[PDB]
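Chains as they are written, first to last, in PDB author numbering: chain b, 2 to 63, 73 to 131; chain G, 43 to 170, 185 to 295; chain F, 161 to 242, 291 to 425, 432 to 449, 492 to 523; chain C, 59 to 116.
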RNA sequence: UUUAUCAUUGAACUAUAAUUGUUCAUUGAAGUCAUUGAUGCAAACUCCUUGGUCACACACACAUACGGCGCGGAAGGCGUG
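Structural data, given as structure tokens:
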């Protein structure tokens, strides 16, 4: 889908990407990751869960496929019953804009620590 | 036109623009009542000789009242002509017993009689005049439809214009027994309500507490009425 | 105006009489005063309302009692009443004529041919409801039909409109009584005020009476709600509604047909 | 933009822009914010006080 | 296009079943709503979020197939300090 996912990136670098994560059933969840852990428990913002019916599976066996989509919103999915994750869609704001946003967050956090040091005195 | 059923049947077969196709998922229920059974049986045997068993079915009652019987006539997967024929025959027969006891013809309709009747249809209808719908029906599932004061040809034309516009579909399988149980339940409720009619005074209203609950209140209301009459007399007095 | 002031944080030994003495008769005139006590204990919660007629006297009392010694504590007599989108609607009044009175139940009839009697005019307006008098002015070709109910007057106007009495079309409207018409004529001859008075009510609620119900005629009444309990008599007093009312009405209408076939009454 | 759109739009009319001062728009937006929050917090409570004497109110 | 509960008995009954099948009913345990329901098929209309809605010109190039020799932005590969 001409996204060109990064060639040397991991889960700390794939954050806030619109993932298309596959499970053991095939119940594909599409949404933005915002956190993970050692067991790969993924929170998913604006997530949608898509499946294929049993009648559509005969047409899928060797065209249009009518998938069943349900809307989950902000969910938190476990890492046991998942199989694979890919990157489907890029986020809204770019890498330089995320860098400027992270510098603003660091400056705001340093200002908050200076405010806590001023309130402690 | 004429007063014969078969001539209007030929006319409604002729100029209704290929009306031989029936309606997919079509159902009609006509509950009727007869005073006697023996006169009904010959007309119903002639109807079963004319109309097949798969299209039309009949359902008797349980003989609870022993005087007024209740017979269901269920037309299932019917065409537009057989519906008009069955409704014309039954609407002639359930009024010929009161108007013409000496005519003695189960398929010849006289001129002095007007066809006026009531038939149920399922709720899943789509219409997108003499036959009207009803407001405040008594059946939870079905819709009652009324025809009033028509001749034979007007009855044929109005029933054909009604069934040419309505669209049926996807009826429940044993909905006939459901309608039987609901109809018997509703009319057993109103029969019990008529049974409650002599039991008004002193029977089941707890009169011994109801007198003492309203004994000062009606007295104070009567005092208010006497004060109202006296104040009205003072208001209308010139003096 | 009825300005309200809310006194708060009062002591326990302060009844409504002490609050009425401290509120009224001190450069003001408090119309009402009530201390909000407990629902089941009877003790005062320390709060009370005082409603006065004038707003200036209540404002002066709230300005003078702000911090006054009230049974060993403060009075706190600041006002309770007086940017949201939702406000209650407010209206003026139609100055109380005989059209805009909802209790006005007497119908002015006109357009008569000066030929109908009083009993016949009673017979025109009898089944619409109970009635009190059917007197008409002489030489004025008009009259007055006063009922008890207002729905009976609505039914009488909605039915009797456009009905020709003795080859003469009727004119139905509202109007006052004879004494109020004499008062309006006495106040209009000098043209000083010409003010009217509202017709008195029914002192509602009234459980027993059923509107638009007539009865012409011991009584063992069960007072059941499906039937009728009390009714106004036909001249007048209050009668208990018996069970043999439709029988007496049927005998009365058969007697009326028998006496009207011959000519003993025209009504 | 297109040429004929410019000859059509610049000849029809010229509309008037309304605008307010700082304290006026501040007071109006504060009243609109309190109206939005009082509409977000309110709800219709007519059925509770309209069936108050009903036998199944308890 | 496809489904919308079983069992005992009564008046007939096809019948290897816990009378299965046909018409009517008493009773017994749970008893998805949905039949305008569910699946498949297919077209048209409308509305939402995104962009460089950018700088010059409305132009005759190419077998080594296309002068990728403008100012940038978004994603990525390779190389150097």
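By construction, the Cβ of each residue, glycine as well, lies at the ideal position given by its N, Cα and C atoms.
Open item on the list: Using a Cβ-Cβ cutoff of less than 8 angstroms, which residues in the same chain neighbour residue 242(F) once the five nearest sequence positions on both sides are dropped?
Closed with: Position 82 of the third chain, counting from 1, holds the residue named residue 242(F). Cβ within range, chain order: 163, 164, 215.
Task: DSSP three-state assignment for residue 202(G), whether helix, strand or coil - done: Working through the second chain from its first residue, we reach residue 202(G) at position 146. Looking at residue 202(G) - three-state DSSP - the assignment turns out to be strand.
Task: Interface residues of chain F facing residue 89(C) [CB-CB closer than 8 angstroms] - done: Stepping through the fourth chain from its first residue, residue 89(C) is reached at position 31. Correct list: 291.
Task: Residues of the segment 94-107 of chain C with Cβ closer than 7 angstroms to any Cβ of chain F, in chain order - done: 96
- [ ] Return helix, strand or coil for residue 77(b), following the three-state DSSP convention.
- [x] As a first step, residue 77(b) must be located in the first chain, where it is residue number 67. It is coil, neither helix nor strand.
TODO: Just mark residue 281(G) as buried or exposed, buried being the case when its beta carbon has 16 or more other beta carbons within 10 Å.
DONE: As a position in the second chain, residue 281(G) is number 225, starting the count at 1. Burial call: buried.
Open item on the list: Using beta carbons (cut-off 9 angstroms, strictly below), is residue 385(F) in contact with chain G?
Closed with: Position 177 of the third chain, counted from the first residue, corresponds to residue 385(F). At least one chain G Cβ lies under 9 angstroms of residue 385(F).
Task: Element boundaries [beta strand (DSSP E), containing residue 113(G)] - done: Taking the second chain and counting its residues from 1, the one referred to as residue 113(G) is at position 71. Note, residue 113(G): beta strand (DSSP E), 113-118.
Task: Cutoff 9 angstroms: residue 419(F) Cβ touching any chain G Cβ - done: Translated into the one-based positions of the third chain, residue 419(F) becomes position 211. Residue 419(F) does not count as touching chain G.
- [ ] For residue 291(G), go through chain F and note every residue whose CB falls closer than 9 angstroms to its CB, in chain order.
- [x] As a first step, residue 291(G) is located in the second chain; it is residue number 235 there, counting from the start. Ordered by position in chain F, the residues that pass the 9 angstroms Cβ test against residue 291(G) are 385, 387, 388, 405, 407, 408.
Task: For residue 84(b) and residue 95(b), the rounded distance between their alpha carbons - done: Your numbering for residue 95(b) matches position 85 in the first chain. Your numbering for residue 84(b) matches position 74 in the first chain. The alpha-carbon atoms of residue 95(b) and residue 84(b) are separated by roughly 17 angstroms.
- [ ] Round the Cβ separation of residue 225(G) and residue 66(G) to the nearest angstrom and send it over; I've been treating them as touching at under 8 angstroms.
- [x] Here residue 225(G) corresponds to residue number 169 of the second chain, with the count starting at 1. Here residue 66(G) corresponds to residue number 24 of the second chain, with the count starting at 1. Indeed they touch by this definition, with Cβ atoms about 6 angstroms apart.
TODO: Return the residue from the list 171(F), 418(F), 374(F) that minimises the CA-CA distance to residue 332(F).
DONE: For the purposes of this step, residue 332(F) is taken as the residue at position 124 of the third chain. Ranking the options by Cα distance to residue 332(F), first place goes to 374(F).
Open item on the list: Determine whether the beta carbon atoms of residue 49(b) and residue 82(b) lie at a separation below 9 angstroms.
Closed with: Locating residue 49(b) in the first chain gives position 48, counting from the first residue. Locating residue 82(b) in the first chain gives position 72, counting from the first residue. Yes, the Cβ-Cβ distance between residue 49(b) and residue 82(b) is below 9 angstroms.
- [ ] Give a yes or no on whether the C-beta atoms belonging to residue 94(G) and residue 219(G) are separated by under 9 angstroms.
- [x] Against the second chain, residue 94(G) aligns to sequence position 52. Against the second chain, residue 219(G) aligns to sequence position 163. Not a contact, by the Cβ cut-off of 9 angstroms.
- [ ] Answer with yes or no whether the minimum CB distance from residue 506(F) to chain G is below 9 angstroms.
- [x] By one-based count along the third chain, residue 506(F) stands at place 250. No, its Cβ sits nowhere closer than 9 angstroms to a Cβ of chain G.
- [ ] Quick one: give me the first and last residue of the alpha helix (DSSP H) that residue 193(F) is part of.
- [x] Locating residue 193(F) in the third chain gives position 33, counting from the first residue. Careful: residue 193(F) lies outside any alpha helix (DSSP H), inside the beta strand (DSSP E) at 190-197.
Task: Alpha carbon of residue 89(G) to alpha carbon of residue 233(G), nearest angstrom - done: Here residue 89(G) corresponds to residue number 47 of the second chain, with the count starting at 1. Here residue 233(G) corresponds to residue number 177 of the second chain, with the count starting at 1. The alpha-carbon atoms of residue 89(G) and residue 233(G) are separated by roughly 23 angstroms.
Task: Straight-line gap, residue 110(b) to residue 120(b) (C-alpha atoms, nearest Å) - done: Position 100 of the first chain, counted from the start, is the residue given in the question as residue 110(b). Position 110 of the first chain, counted from the start, is the residue given in the question as residue 120(b). Between residue 110(b) and residue 120(b), the C-alpha separation is close to 15 angstroms.
Task: Residue environment, residue 183(F), which counts as buried when at least 16 other CB atoms sit within 10 Å - done: The sequence position of residue 183(F) within the third chain is 23, counting from 1. Buried: at least 16 other Cβ atoms inside 10 Å.
TODO: For the segment 110-159 of chain G, list the alpha helix (DSSP H) runs that are entirely contained and at least 4 residues long, ordered along the chain.
DONE: 122-141
Open item on the list: Between 308(F), 448(F), 294(F), which has its C-alpha nearest residue 300(F)'s C-alpha?
Closed with: Position 92 of the third chain, counted from the start, is the residue given in the question as residue 300(F). Nearest C-alpha to residue 300(F): 308(F).
Task: Close Cβ partners of residue 90(b) (< 8 angstroms) along its chain, the five nearest in sequence each way excluded - done: Start at 1 with the first residue of the first chain, and residue 90(b) comes out as number 80. Within the same chain, residue 90(b) has close Cβ partners 40.
Task: Rounded C-alpha distance that separates residue 81(G) from residue 138(G) - done: Along the second chain, one-based indexing puts residue 81(G) at 39. Along the second chain, one-based indexing puts residue 138(G) at 96. Cα to Cα, residue 81(G) sits roughly 11 angstroms from residue 138(G).
TODO: Evaluate residue 188(G) with the Cβ neighbour count: other Cβ atoms within 10 Å of its Cβ, from every protein chain shown; 16 or more gives buried, anything less gives exposed.
DONE: Locating residue 188(G) in the second chain gives position 132, counting from the first residue. Classification of residue 188(G): exposed, given that the 10 Å Cβ count is below 16.
Task: residue 206(F) versus 212(F), 200(F), 213(F), 196(F), residue with shortest Cα-Cα distance - done: In the third chain, counting from the first residue as 1, residue 206(F) sits at position 46. That would be 196(F), whose Cα lies nearest to the Cα of residue 206(F).
Task: Contact belief for residue 508(F) with residue 424(F) at Cβ below 8 angstroms, rounded distance in angstroms - done: Here residue 508(F) is taken as the residue at index 252 of the third chain, counted from 1. Here residue 424(F) is taken as the residue at index 216 of the third chain, counted from 1. 5 angstroms between Cβ atoms; contact.
Task: Cβ pair residue 363(F), residue 421(F) closer than 9 angstroms - done: Stepping through the third chain from its first residue, residue 363(F) is reached at position 155. Stepping through the third chain from its first residue, residue 421(F) is reached at position 213. For residue 363(F) and residue 421(F), no; Cβs fall outside 9 angstroms.
Task: Proximal chain F residues relative to residue 76(G), where beta-carbon distance stays under 9 angstroms - done: For the purposes of this step, residue 76(G) is taken as the residue at position 34 of the second chain. None at all; the shortest Cβ gap to chain F is about 35 angstroms.
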